[PDB]
>>> print(open('run_30.cif').read())   # mmCIF, N, CA and C atoms
data_upload
#
loop_
_atom_site.label_atom_id
_atom_site.label_comp_id
_atom_site.auth_asym_id
_atom_site.auth_seq_id
_atom_site.Cartn_x
_atom_site.Cartn_y
_atom_site.Cartn_z
N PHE A 1 98.18 83.71 108.39
CA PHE A 1 99.18 84.02 107.33
C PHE A 1 99.22 82.89 106.30
N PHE A 2 99.72 83.16 105.12
CA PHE A 2 99.79 82.10 104.08
C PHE A 2 100.94 81.13 104.37
N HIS A 3 100.99 80.59 105.56
CA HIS A 3 102.09 79.65 105.90
C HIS A 3 101.51 78.25 106.18
N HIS A 4 100.22 78.15 106.31
CA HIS A 4 99.60 76.82 106.58
C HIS A 4 99.11 76.19 105.27
N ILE A 5 98.78 77.00 104.30
CA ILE A 5 98.29 76.45 103.00
C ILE A 5 99.47 75.89 102.19
N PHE A 6 100.66 76.35 102.46
CA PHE A 6 101.84 75.85 101.70
C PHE A 6 102.93 75.38 102.67
N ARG A 7 103.92 74.70 102.17
CA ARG A 7 105.02 74.22 103.06
C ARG A 7 105.61 75.39 103.85
N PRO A 8 106.66 75.12 104.58
CA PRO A 8 107.28 76.20 105.37
C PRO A 8 108.11 77.12 104.46
N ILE A 9 107.46 77.95 103.69
CA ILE A 9 108.20 78.87 102.78
C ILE A 9 108.69 80.11 103.55
N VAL A 10 109.12 79.94 104.77
CA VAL A 10 109.60 81.11 105.56
C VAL A 10 111.04 81.47 105.16
N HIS A 11 111.57 80.82 104.16
CA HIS A 11 112.96 81.12 103.73
C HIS A 11 113.12 82.61 103.46
N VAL A 12 113.10 83.02 102.22
CA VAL A 12 113.26 84.48 101.94
C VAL A 12 112.31 85.28 102.83
N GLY A 13 111.27 84.66 103.33
CA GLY A 13 110.35 85.40 104.24
C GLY A 13 111.23 86.16 105.22
N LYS A 14 112.28 85.53 105.66
CA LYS A 14 113.24 86.21 106.58
C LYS A 14 114.18 87.08 105.75
N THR A 15 114.51 86.65 104.55
CA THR A 15 115.42 87.47 103.70
C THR A 15 114.95 88.93 103.72
N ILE A 16 113.96 89.25 102.94
CA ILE A 16 113.45 90.65 102.93
C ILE A 16 113.33 91.15 104.36
N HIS A 17 112.80 90.32 105.22
CA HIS A 17 112.66 90.74 106.64
C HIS A 17 114.01 91.18 107.17
N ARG A 18 115.07 90.59 106.70
CA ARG A 18 116.42 90.99 107.20
C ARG A 18 116.77 92.39 106.70
N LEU A 19 116.11 92.86 105.68
CA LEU A 19 116.42 94.22 105.16
C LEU A 19 115.44 95.25 105.71
N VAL A 20 114.28 94.82 106.09
CA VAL A 20 113.29 95.79 106.65
C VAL A 20 113.72 96.15 108.06
N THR A 21 114.19 95.17 108.78
CA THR A 21 114.62 95.43 110.17
C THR A 21 116.11 95.78 110.21
N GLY A 22 116.90 95.12 109.41
CA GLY A 22 118.36 95.41 109.40
C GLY A 22 118.71 96.20 108.14
#
>>> encode(input="run_30.cif", output="structure tokens")
Amino acid sequence: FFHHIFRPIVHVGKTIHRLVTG
């Protein structure tokens, strides 16, 4: 995944994820 080439940009990564699952 594009998480090793850049810092830990998992922030909104969970945001949208919070709407796909919730």
>>> axis_aligned_box(input="run_30.cif", around="range 1-18 of chain A", padding_each_side="3 Å", output="lines of an AutoDock Vina configuration file")
center_x = 107.5
center_y = 83.3
center_z = 105.0
size_x = 24.6
size_y = 24.2
size_z = 12.7
>>> atom_distance(input="run_30.cif", atom1="CA of residue 19 in chain A", atom2="CA of residue 4 in chain A")
24.2 Å
>>> atom_distance(input="run_30.cif", atom1="atom C of residue 18 in chain A", atom2="CA of residue 2 in chain A")
20.0 Å
>>> select_by_dssp(input="run_30.cif", residues="chain A", states="helix (DSSP H, G or I)", output="PyMOL selection string")
chain A and resi 11-21
>>> atom_distance(input="run_30.cif", atom1="atom C of residue 21 in chain A", atom2="atom C of residue 6 in chain A")
25.4 Å
